[PDB]
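Colleague: Questions regarding the structure given below will be posed in turn.
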Amino acid sequence: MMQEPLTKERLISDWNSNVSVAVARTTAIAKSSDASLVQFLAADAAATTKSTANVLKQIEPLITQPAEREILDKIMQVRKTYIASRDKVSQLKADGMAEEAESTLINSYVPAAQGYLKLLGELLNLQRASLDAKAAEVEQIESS
Amino acid sequence: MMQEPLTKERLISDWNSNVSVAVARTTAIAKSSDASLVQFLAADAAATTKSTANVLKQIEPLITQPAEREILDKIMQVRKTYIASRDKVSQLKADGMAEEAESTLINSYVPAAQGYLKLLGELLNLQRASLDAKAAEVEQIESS
Amino acid sequence: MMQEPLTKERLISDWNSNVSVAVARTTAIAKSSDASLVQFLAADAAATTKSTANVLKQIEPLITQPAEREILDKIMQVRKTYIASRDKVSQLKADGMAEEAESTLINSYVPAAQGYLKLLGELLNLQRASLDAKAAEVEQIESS
């Protein structure tokens, strides 16, 4: 049928929403004074990264047109920065350096995540225009 | 094969279980004294609502018989009440009014969630009877 | 195609990662001094157990060769021990006996979970060797 544009929109939408939960999770890792919860949240981030990477493996072959591939390569670049700083706040907090963890959260993590979110937004909007275009086509074929 | 009654039972069962986690999550949002965790939990509820709404989009077209459609429309009505009060405790807590957040949790949220859970239970039990009926049929066809 | 060895590796990998998040979750249940969060975490474990059991239902029929079935029966045995002690720390903590909850965490839970993780590791590595073997075969057929 026409389930690939649908799947792309669904996956990218979930990706956009998960990043926004992760931003608050990272904030709790930096600011929370409950050590065993910080450990649990860091473990959960360690698993979410795997589920995300699997997702990226899934959508990679589905994004072929120029603008979407430009945005996706841009997200792949910024995501390394994002992970690097997120893991730095996590490692800093686990090592008893909370003031520097919070500092890295404000000076590096939030800007990198903000760029990440902007690129996910642009990707989502582009994919919506693409989805409506594909729909108008599939209807122009099922009709005639 | 006969995977639609199976999928309906699986999805409704997960829905019933997720609501029960959400009830404890909302309780933590009202009662916890860890602000950054409250922020993380509220963000997580914001994403779970999306995943749930997608689910409802999925099962909607699968529920066609009378009793199940009556129960499902009843759940759709009570779910607005549920979300409204859950978001109210969340907004009250984020705005520094914790006593009123806890009060809304006891006076509005728990009753609305209780109704929600009862309707999910009735839906699940009905779907189990339906699943065994469909199974007896599919076996009556694969046999003969 | 050849998506069953792929699915087995994906599911077992996720299983291995989820157990590692659960170990930190159980630790937070024993050590955290935030009662409403402990309640939320226990509810979340109650749902994760269901999602896991569904998974085991899924892979059961997919594991047929001798070594993998030996490892899987071993995991099924150790998982009862694991759940029993995890639920014991959870029930002990909910009942106001935190010192004994932490004690059960060190003396029973961590050893049982460690055995669990070792068996998941052996299963994963075996499934990777199996996946590459199946790949070499499928290529030996698509070629010729």
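Identifiers in the structure tokens: chain A, B, ... in order shown; residue index from 1 per chain; ligand index from 1 in order shown.
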Considering only C-alpha atoms, return as a list in words whatever protein or nucleic-acid residues lie within 10 Å of residue 99 (chain C), sequence-local ones (same chain, fewer than 6 positions apart) excluded.
Modeller: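 Listing them by chain and then by number gives residues 30, 31, 89, 92, 93 and 105 of chain C.
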Colleague: Identify, on the basis of only C-alpha atoms, every residue whose closest approach to residue 9 (chain C) does not exceed 10 Å; exclude the query and any residue fewer than 3 positions from it along the same chain; express the result as a list in words.
Modeller: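 Answer for this query is residues 3, 4, 5, 6, 12, 13, 14, 15, 123, 124, 125, 126, 127, 128, 130 and 131 of chain C.
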Colleague: Pull out every residue of chain A sitting within 9 Å of chain C, counting only C-alpha atoms, and send them as an MDAnalysis selection string.
Modeller: chainID A and resid 34:44 46:47 50:51
Colleague: Do you know which residues are at most 8 Å from region 52-64 of chain C counting only C-alpha atoms, after dropping those on the same chain fewer than 2 positions away, and could you put them as a PyMOL selection string?
Modeller: chain C and resi 4+8+11+15+48-50+66+68-69
Colleague: Could you tell me which of B:101, B:111, B:144, B:138 comes closest to residue 87 (chain B) if we count only C-alpha atoms?
Modeller: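 The closest residue to residue 87 (chain B) is B:101.
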Colleague: Just give me the gap between CA of residue 115 (chain B) and CA of residue 95 (chain C) in Å, one decimal is fine.
Modeller: 27.7 Å
Colleague: Rounded to one decimal place, report the CA of residue 74 (chain C)-CA of residue 129 (chain C) distance in Å.
Modeller: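 Value for the CA of residue 74 (chain C)-CA of residue 129 (chain C) distance: 19.6 Å.
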Colleague: State, in Å with one decimal place, the distance from CA of residue 106 (chain A) to CA of residue 96 (chain B).
Modeller: 23.1 Å
Colleague: List as a VMD selection string the protein and nucleic acid residues near residue 117 (chain C), meaning an atom at most 9 Å away when only C-alpha atoms are counted, but skip any in the same chain fewer than 5 places from it.
Modeller: chain C and resid 16 19 to 20 112 122
Colleague: For the residues in the current selection, export C-alpha atoms as a tab-separated table (two decimals), in the first residue's frame.
Modeller:
```
chain	number	residue	atom	x	y	z
C	16	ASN	CA	19.76	-8.50	28.01
C	19	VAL	CA	17.59	-6.80	32.79
C	20	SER	CA	20.43	-4.33	33.35
C	112	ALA	CA	20.43	-14.21	41.10
C	122	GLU	CA	25.83	-16.81	26.63
```
